[PDB]
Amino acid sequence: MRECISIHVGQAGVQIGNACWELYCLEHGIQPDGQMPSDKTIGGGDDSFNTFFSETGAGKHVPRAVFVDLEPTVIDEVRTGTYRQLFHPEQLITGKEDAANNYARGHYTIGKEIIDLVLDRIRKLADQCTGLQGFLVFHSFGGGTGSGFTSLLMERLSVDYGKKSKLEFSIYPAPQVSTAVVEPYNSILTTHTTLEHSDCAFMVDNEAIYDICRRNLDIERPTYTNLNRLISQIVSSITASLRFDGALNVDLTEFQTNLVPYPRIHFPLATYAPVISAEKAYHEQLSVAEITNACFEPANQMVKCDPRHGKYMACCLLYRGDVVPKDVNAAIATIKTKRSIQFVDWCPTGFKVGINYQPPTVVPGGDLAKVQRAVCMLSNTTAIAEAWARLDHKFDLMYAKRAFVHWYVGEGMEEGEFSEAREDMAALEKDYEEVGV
C-alpha cells in the first residue's frame, strides 16, 4: 500500500474530479458521509483502496484529494453538493479573481498569490502518508488556471517531492464546447513548461468525448455533465489498478515502465468500450472479442487520431467484469494479424493484460447502461502526434500576426516565451517522427 494524492485545478479539473470521486465511492462502497460498512479495520488499514482514501478514528473515509481554483464559484458547488461531507473542508482552496483565460495570469501574477497555501495544504496530506508514491493532476489545457497555475504547481512539486511520480489528466480543447479564443496559446505554453516535470499524461480530447456522446449515447447537444460522466468512467478504468488487487500497473512507477519508452513521449492514448445508452437497457452483451476489437476503432478513442497511421510502442489491456483469460488470448491472436497493427522494431511486440473480475459501476442519473464486461486499452502510438499538429497549427495562425499576445506580456510574461514554447513543440512532433509514422 502506497498513497496517491489527486490534485484538481480550475473548473475543468474540479468538475471532473467531483464526478470521479463520486464514482470511486460507488465502486468501493463508500457512503457520501464517508462511512464504509464493509471496512472491518476502523481507524486505518493497508488495503488497496487506502491509496486513495485515508481513515479517521471514527470510521470516516476521506479522499486524498485537493481542489484549487482562482475563483470560488465551481468549488462552492462542491461544498454544497451531495458529497459535501466527504472532503476535508481545508482541501477546497479558492481565490477571488481567476486567470481570465490567460496563461500568464495563472502562472505569474494571480497564481503567485495562492501557490504557497496550496503547497502547505498538500504538504499536510503528505505528512499523513507512510509511503507516498506521487500525484494525479486534473486540469484543462485551455483555461488560464488549468494551464498557468498548473505549470507553476508542477514546477513546485518537482522541488519539494523530487522522487515522487506525477501523472496528468489533461483536457484538450475542442471548439464545440470551448471557452476562449486563446486556448491554443495556453495549451502550448503549459505543455512546454510542464513537459519535463510530468512522468505520464493522459490527454482527453473534448471533441472525442463530445462525438462519442452524440453517436453512442444519442445525445443531441452534450453538456459538461454528460462529458464528465464518461470521462469519470474512463479515468476510473485507468486508476482501477491502483485501487484494487491486480498484477498490471499496480503502482505509479509501473505506468512509466509499460507505457513511456522515453521521457518526452509520455502521452498514451486511451480507448474504451463499450459505450451503450441507458435507454438500451436490454442490449445484447458484447463478447470479449467484440469489445477487444472495438479498442482499435478510432471512433472509441479518447483523443481523435488514426492509430493506423503511426506505430505502436506499448499496449496495455485493462478488462473489468466477466472475462475469461483464454478468451482474451484468442481475441489478441486474431486481431494481431487480422489488422494492420504495426509495432516499432525496437519494442517487444506484445500486449500486457490485467483482468478485474468485477463489472463496471454506473452512477444513478448517468447516460451509460450496465455491461457485463468492459475494457480500457492504454497505448503509446506515434499517431497522437496528430493532436499536437492540430494545436500547433492553430497556435501558428494567431502568433504570426501576434494576435492576443499583448494580454500575455502585460501580465509578467515575456514575449520570448512564446517562441521557445513553439520550438519545444516542433521538437516534440519530430520526436514522434524519429520513432516512425
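Residue indices: 1-based, along the sequence shown. C-alpha atoms forming the largest set that superposes within 1.5 Å between two forms make up the rigid core.
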Taking RMS over all structures and residues, which stretch has CA atoms farther from the shown form in 6 other deposited structures of this protein, 242-250 or 130-138, after a rigid core fit? 242-250
Relative to the presented form, and with the rigid core used for superposition, do the C-alpha atoms of 338-346 or of 357-365 deviate more in 6 other deposited structures of this protein? 338-346
Given the B-factors recorded for C-alpha atoms, which segment has the greater mean, 226-234 or 108-116? 108-116
Which has the higher mean CA temperature factor in the PDB entry, 253-261 or 136-144? 253-261
Which listed residue, 51, 379, 41, 382, has the largest C-alpha temperature factor in the record? 41
Could you tell me which one of 273, 195, 335, 270 shows the highest CA temperature factor in the PDB record? 335
Quick one: classify residue 373 as lowest, middle or highest third of the chain based on its Cα B-factor. lowest
Where the record places residue 154 (Cα B-factor, split into thirds across the chain): lowest
Residue 410: CA temperature factor from the record, placed by chain third, in the middle
Would you mind ranking residue 320 by its C-alpha B-factor against the rest of the chain and naming the third, lowest, middle or highest? lowest
Residue 433 - which third its CA temperature factor falls in, relative to the rest of the chain: highest
